[PDB]
Q: 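Please see the structure below; I have some questions.
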Amino acid sequence: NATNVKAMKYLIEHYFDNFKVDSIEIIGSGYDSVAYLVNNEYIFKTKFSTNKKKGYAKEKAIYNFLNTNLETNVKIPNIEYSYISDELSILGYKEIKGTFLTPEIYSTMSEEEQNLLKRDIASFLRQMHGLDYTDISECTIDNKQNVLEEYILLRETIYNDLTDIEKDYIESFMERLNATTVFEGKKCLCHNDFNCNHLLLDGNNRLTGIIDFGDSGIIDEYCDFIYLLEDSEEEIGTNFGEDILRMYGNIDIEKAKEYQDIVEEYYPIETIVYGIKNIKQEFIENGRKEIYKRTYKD
Ligand SMILES: Nc1nc2c(ncn2[C@@H]2O[C@H](COP(=O)(O)OP(=O)(O)NP(=O)(O)O)[C@@H](O)[C@H]2O)c(=O)[nH]1
Ligand SMILES: [Cl-]
Ligand SMILES: [Mg+2]
Ligand SMILES: [Mg+2]
């Protein structure tokens, strides 16, 4: 543990001239990033070379755009330190204080506390989704087209070595992708990883902060409801997302659920593709296995 922290202490002090690290600890870990709490006050997110060679650049541009244009009491990261290069990216900002939303916390809230939280979320999303996004217009994301390009990569690499069951799962997904209309609706700036782990509560269980806009972009409006609609141990439940969708208004709830269901079906394939692109066999294997688990559940 001690070594990462020393290297990152050194890099922070090298790239940010008058910054002094008096303490530093690991506060979280993606698959190709690490986040550090520094001086009990700053979050420093860091990444070395990956497939998204313009990744902390876009995230920074999004924080800048949102801090300029949103009118909200909800806090988001405000970037004070940045170093962006092919081989290394670092973003630093003051830690937003609060407690992450969890199923457990939610279930201790009164009905009225739950409603206020859902209203806060709906309000935040209505405001972000309504922003004129001309100034960040390079941050477009076309999920349907990305899937098509990922399927072509599969065809060019490992598809022919897959089993029939794996191939059928993929083709069956592609058929559904080609029949769906859920990519043809409203586009807007979305957080795009909007789940419990990114939502902070204050001491009254109201929404006080939102973090990790690392996958944000201009994309289908439905994107931001996918995790709020998820029925799993890590998320609150389908009821929660439905109620939020009703409060948000002016959105087709059945298509939001179809969008969620298609992204969920894609997940094993997304996992395999991640493995191909980043030369990690473990992910290719996990995705293929997941296909068998899903095929045999019913
Ligand atoms: N309290 C608090 N925790 C934060 C804050 N920023 C980050 N964290 C913590 O640090 C973890 C990692 O931060 P995050 O932006 O989500 O990065 P990531 O998902 O690991 N990386 P990537 O965006 O590169 O895939 C979060 O899950 C959360 O635990 C903050 O402002 N306040
Ligand atoms: Cl494999
Ligand atoms: Mg995160
Ligand atoms: Mg992220």
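All ligand and atom numbering here is 1-based and tracks the order in the structure. Along the sequence shown, the residues carry numbers beginning at 1. Scope of the values below: all heavy atoms of this structure, side chains included, with no hydrogens, waters or symmetry mates.
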Q: Are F19 and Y81 an aromatic pair by the rule of ring centers under 6.0 Å?
A: yes
Q: Can you list everything that forms a side-chain hydrogen bond (donor to acceptor under 3.5 Å, both in side chains) with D252? Sequence neighbours excluded, please.
A: none
Q: Please step through salt bridge (charged side-chain N to carboxylate O under 4.0 Å, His left out) for the pair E95 and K97, ending with a clear verdict.
A: CA-CA 6 Å; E95 177 192 27; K97 306 288 197 181; 2.8 Å; yes
Q: Tell me how many protein N, O or S atoms are closer than 2.8 Å to the Mg ion (ligand 3).
A: 2
Q: Which other residues belong to the hydrophobic cluster containing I219, where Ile, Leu, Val, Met, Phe, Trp and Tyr are joined when side-chain heavy atoms lie under 4.5 Å apart, directly or via other members?
A: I141
Q: Is the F16 ring parallel, tilted or perpendicular to the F44 ring (thresholds 30°, 60°)?
A: tilted
Q: Show me, pair by pair, the donor-acceptor contacts under 3.5 angstrom made by side chains of residues 179-200, not counting sequence neighbours?
A:
residue, atom, partner, partner atom, Å
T180, OG1, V182, N, 3.1
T180, OG1, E258, OE2, 2.8
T181, OG1, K255, NZ, 2.9
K186, NZ, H129, O, 3.4
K187, NZ, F183, O, 3.0
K187, NZ, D220, OD1, 2.8
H191, ND1, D193, N, 3.0
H191, ND1, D193, O, 3.4
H191, ND1, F194, N, 3.4
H191, NE2, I211, O, 2.9
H191, NE2, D212, O, 3.0
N192, ND2, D215, O, 3.0
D193, OD1, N195, ND2, 3.1
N195, OD1, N197, N, 3.3
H198, ND1, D193, O, 2.7
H198, NE2, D212, OD2, 3.3

